[PDB]
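Here we start with a single chain on its own, the form deposited in one PDB entry, put down as structure tokens.
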């Protein structure tokens, strides 16, 4: 007797799917929507290399920390990678004013160029090579931050300094300088003859007056003194005016800056792996069409939505009771 029957596909597949009303429903074909894989590499972000400071902090790199690698011109970056605890930060101990906002500003830069702004050879009535410490060694020799100059009295005097720089460049330029807070009046007198001292810094926007703070402090890297750093963005064709009586850590080098966008500072122990992505993670980059992932929350770029799950499996086939 002749027959026709209507039926559906089956296979030996073992993929399981969950349902609002059922769990572990074995099925013909399934597709995971959740991304779990990364490349283990730090990569370019949209074809733009990140700035990787290996054992240096942003501060140690901006200032010329001798223990930080020699300065290499990276004219452009998309994000910054620091390690959890860079060993090389401030060789001479102290502080950096509005440091976090500066790091955020530098997180993504379209053009960056170190530029000599006030030559060390132009300080004529002050000693510019005695401002040196064993805590900041350069080549066996005791030294100091390299883009910045620690001025010490000459002969037995410290003439009042008046110096100004006009930004004749076509870009904003980041200017950095500092104060020395010594441990006692005798160190004051010894380094800069004048006992009561100031540093005034002026711009079309800035109106600052810093006074050293003598205080007995615990030793850090063997030092009880402190270096406190400050910065501004000198607009093109504006000028910056420094005046000081002592305790002045003057600029020598500064930075041309062009900023078009923002990112952040990524903490990772990984390193560059000649690579490009649209999504970078401290554990590695992601090539992602999937709408969700579970790698790591601290991401940068057009990444899928971070989620706490091990599986988002979509049924595409049909019920398969083998």
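Positions refer to the first chain, counted from 1. What we label the rigid core is the largest C-alpha set whose atoms superpose within 1.5 Å from one form to the other.
Same protein, other form: the form deposited in another entry, not shown, and the subject of what follows.
- Core-superposed comparison between this form and the one not shown: the C-alpha position of residue 56 differs by less than 2 Å.
- Once you line up the core between this form and the one not shown, the Cα of residue 278 ends up 2 Å or more from where it was.
- If you fit the rigid core between this form and the one not shown, you'll see the Cα of residue 302 move by 2 angstroms or more.
- Expansion of the residue 262-residue 233 CA spacing by 3 Å or more is recorded in the other entry, set against this form.
- Distance between the C-alpha atoms of residue 96 and residue 262: longer in the other entry than here (change of 3 Å or more).
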